[PDB]
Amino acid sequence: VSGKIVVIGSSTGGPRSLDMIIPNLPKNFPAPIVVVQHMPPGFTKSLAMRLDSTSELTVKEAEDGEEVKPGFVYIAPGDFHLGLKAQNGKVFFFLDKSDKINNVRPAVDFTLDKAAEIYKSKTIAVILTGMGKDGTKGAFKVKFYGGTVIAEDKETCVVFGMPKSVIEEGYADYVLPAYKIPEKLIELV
């Protein structure tokens, strides 16, 4: 497997912060982006359309068995944890139906666990606004493999819970307001 990957975790106010990130990335962004946004079943598709309409990158819902490619932003669908698997030098998504991690599924911790193991030091985690601690254990894995972690600054958060939890463990390499995140991503890849 070549290149890097960006895995974003978000909850409360997630869409608002993503609006300051995704639309500001070039069509030729070299790393595939995966977004795990906490939301009741049946709403993740609305998010895909919302972001696809304002972005140069192609935003869609992640599909089972689909190949993870650059130039795309994949939104995790409801009812399943979004996994990643490496096969013959390529990376594919898989819908896992194991227990809820928190009272949440998909949980960004599951996606990051899989992504980190595959991409290792080339893994980039972004933990945005939201309640709870989802993204913290996932950030641990990312750092354990030499990856990089970005936590959203309180300034642009609706709820400074998820990013704060990541920061308090010492897992954040960068603490940035949503609008500065796209710029940081562009220089890291």
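Don't overthink the numbering: it's just position in the shown sequence, from 1.
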Please compare 123 to 131 with 55 to 63 and say which has the higher mean C-alpha temperature factor in the record.
55 to 63
Going by the average Cα B-factor in the PDB entry, point out whether 5 to 13 or 19 to 27 comes out higher.
19 to 27
Going by the entry, which of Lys143, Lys137, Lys164, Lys45 has the most elevated CA B factor?
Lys45
Position of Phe110 among the chain's modelled residues by C-alpha B-factor, lowest, middle or highest third
lowest
By the recorded C-alpha temperature factor, relative to the other modelled residues in its chain, which third is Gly147 in?
lowest
Taking the entry's C-alpha B-factors for this chain, is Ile75 in the lowest, middle or highest third?
lowest
